[PDB]
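This document starts with two versions of one protein chain, written out as structure tokens and named structure 1 and structure 2.
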Structure 1
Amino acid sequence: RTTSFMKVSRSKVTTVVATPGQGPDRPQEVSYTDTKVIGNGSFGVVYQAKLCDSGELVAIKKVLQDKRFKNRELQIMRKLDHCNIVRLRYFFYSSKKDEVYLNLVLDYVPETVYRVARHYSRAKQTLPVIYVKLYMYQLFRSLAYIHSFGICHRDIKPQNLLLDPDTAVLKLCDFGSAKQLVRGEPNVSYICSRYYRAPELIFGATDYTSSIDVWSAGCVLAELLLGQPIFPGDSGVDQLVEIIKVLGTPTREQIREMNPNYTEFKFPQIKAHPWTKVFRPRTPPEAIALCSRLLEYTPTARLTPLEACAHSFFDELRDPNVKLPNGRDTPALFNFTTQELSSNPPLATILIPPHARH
């Protein structure tokens, strides 16, 4: 759930002095019109609007600045610059009475992985594998990027994966739970949303790593393959039972890796259900393989995001003759930076195909 402990002119024009997301603080007057809510929650309100100068659509995430908790969302977003992470254009502050709200002006992205998957579900179809490949690959790229700065998202789930259906570009959003993890410094365990929470988090670990994002990603993958969440359940126990019912009871050593405080309890020994029986018979073997290397009890045994990008499941995306089903070409996929590849530079031989060099 939670983390650790303006003038109006004439359509109707709202003018504010907003600070650009990148570079040194150099605030500039920003004007926008056609404001409407495209989302509302206990966190605040999300609006769509159109910038007066360029006519470009933006999202404005308005969040209350609660001083009772640690708010790293702005601090974290400002440092991020990646093609698979939603762009922070500007931010500004505005006035619950006697309260100050933070406004994040972001690029507007019309869909999410969640809404798109819901379409296939109610249509009783499955998302074509080509999209599963495209979306998951871009997700892993975004994870490789944030992890290289030591930043863990902590809330990976389909609702936080924005999509432009025309370009098939995925952008990771919502850094309201994100944090730079430091070994030796404890974290909040009640993080990550139900269905997507790593087993070590459910066992209440406070010393977890960025590999919790990888588990969440594995859940997204499985969900896209399956047509529904793989580990549903209201409570942690409910969720862990679903996990055990697939992976089998974790061994004492796997338990120790997750949370040593549970090593001495005598858990009934449930047999693993073969991944090939979990999914439909027409599921590609390499998708199953990838999934099993993501959804591991031992956090250190999980693939890193960069390793996941290099997995054989994404081999098709490296074929020069591939295209989107709508006729268009695939988005940028091989423009890796030195930062992105820092965890494992030799992987560039796989990640950057020969036809991508030119």
Structure 2
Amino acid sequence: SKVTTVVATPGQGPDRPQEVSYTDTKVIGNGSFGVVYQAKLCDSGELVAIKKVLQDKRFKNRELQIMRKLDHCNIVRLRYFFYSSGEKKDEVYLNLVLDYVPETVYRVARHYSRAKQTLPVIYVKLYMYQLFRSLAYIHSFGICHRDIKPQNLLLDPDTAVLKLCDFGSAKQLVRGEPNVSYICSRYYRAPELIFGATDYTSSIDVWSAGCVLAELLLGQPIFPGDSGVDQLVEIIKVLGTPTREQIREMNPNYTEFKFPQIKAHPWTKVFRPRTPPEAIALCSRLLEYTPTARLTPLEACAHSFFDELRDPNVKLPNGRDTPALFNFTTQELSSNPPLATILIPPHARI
């Protein structure tokens, strides 16, 4: 097969470029951003993803700068980066050599939905926990992903490892600095984003994660709608009409406009009868109008819904051990170090 050799910079550590050789290059995705390839490293035979985006030399690539800082088991790792040609002349392309993870939460959920089944709760627990760890980690650096959705949640079917991907919308959120309200994908947008707030926090990712949890439990999106109005109607049907203070906490200059007076639908009535009560309690605490009232990612990890993952006898349905779940760092725990007493169970990491 065709072998491509490049001089690429390691993603972490010292800027010491090395020759990287890869083969079996196939397109695995396309989008507004550019293209995503799968390749096999000639050396190790290990599969990698190559995200290729057009780069302007007027400014530094924001995604590259965020990726260079990150090293977590639930986040696709930046292995190398290099510059190349691709489809123009004077146009330079930035290439991100990342961990390759073969499946997505989107594809897995759709299999179950099409087969009229729900994903077993053990996988809902494993996937959601790993997502909350990835979020606790990036938020500890002040970084908000801003595009949390099932398509950006990669899965290894055999190990049950989940890796967050796509840092194309990610941004370090600084208090008092305004941010664009048009980030985040339909169905997963926090109500503050729908109301056009520019003063939002990292808690928008927590709302998005709650939408993913509810969807994995329901078999379909909890807040669908092709417009913000329809999305808000779906939110109001479950949460009840937001109070004037709740509206003020989301977007201050939107208190005058009115919505239909709907009484709060009991959360137990939202989900099928055999839904674990702890799964419902987690949703209600993630899916809050007031951004400051939502659980933080680290607190969501410590929630009772994830107690089975902390059991020394837990195994995957395929008989394998669960993946790494307790290798917390000081960085990851920084928002609330006492939580480590729940997070790292007695049997873990000796």
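Whichever C-alpha set is largest while still superposing within 1.5 Å between the two forms counts as the rigid core. Only residues modelled in both forms are compared. Numbers given to residues start at 1 and step along the sequence of structure 1.
Colleague: Rigid core as reference, CA moved 2 Å or more between structure 1 and structure 2 - which of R282, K124, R183, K266?
Modeller: Flagged residue: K266.
Colleague: So with the core overlaid, does the Cα of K36 end up 2 Å or more away between structure 1 and structure 2?
Modeller: It does not, since the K36 C-alpha is displaced less than 2 Å between structure 1 and structure 2 after the core fit.
Colleague: After superposing the rigid core, is the C-alpha displacement of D66 2 Å or more between structure 1 and structure 2?
Modeller: After core superposition, the C-alpha of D66 moves 2 Å or more between structure 1 and structure 2.
Colleague: Any chance you could measure the C-alpha shift of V45 between structure 1 and structure 2 with the core superposed, in Å?
Modeller: Its C-alpha shift, to one decimal, is 1.0 Å.
Colleague: Please state the CA displacement of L226 between structure 1 and structure 2 in angstrom, with both forms fitted on the core.
Modeller: Core-aligned C-alpha shift comes out at 0.3 Å.
Colleague: Can you list the runs, three or more residues long, in which each C-alpha shifts by 2 Å or more between structure 1 and structure 2 once everything is superposed on the core?
Modeller: Shifted segments: 65-71, 96-98, 264-268.
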